[PDB]
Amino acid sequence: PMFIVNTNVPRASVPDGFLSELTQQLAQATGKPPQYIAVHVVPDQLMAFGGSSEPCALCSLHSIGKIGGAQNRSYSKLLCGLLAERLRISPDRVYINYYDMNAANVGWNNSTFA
């Protein structure tokens, strides 16, 4: 899986260990080994949510499977929770796009997973 967060929160407010915690929590949440989890945190972004420049985040989670109605609610509770607690971002200022990728459409190690 691959989780990306873009945020206007400054780099110095991202706690040490944040990418490790995300790796670990997403491994548990998706059922995928942590070896397969990629994480990407982009701070200091020029962005707005509802025309306000208060802290916000735009995120995506791509996974081959493990995407759906109930699961995405669960990911959103987990991920909004972490962004609120570690980055101090209110949950109603977070968007997360979920993508169920077909294995044939995911390249890795000179090939694809199909």
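Numbers follow the displayed sequence, beginning with 1.
Based on the deposited C-alpha B factors for this chain, I'd like to know if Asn6 is in the lowest, middle or highest third.
As the PDB entry reports it, the C-alpha B-factor of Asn6 lands in the lowest third of its chain.
Where does the C-alpha B-factor of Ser13 rank in its chain, lowest, middle or highest third?
Top third by C-alpha B-factor.
Tell me, lowest, middle or highest third: where does the Cα B factor of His40 rank within its chain?
Lowest third - that is where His40 ends up once the chain's C-alpha B-factors are sorted.
Please rank the C-alpha B-factors of the chain's modelled residues and tell me whether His62 sits in the lowest, middle or highest third.
It falls in the bottom third of the chain.
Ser52: which third of its chain by C-alpha temperature factor?
It falls in the bottom third of the chain.
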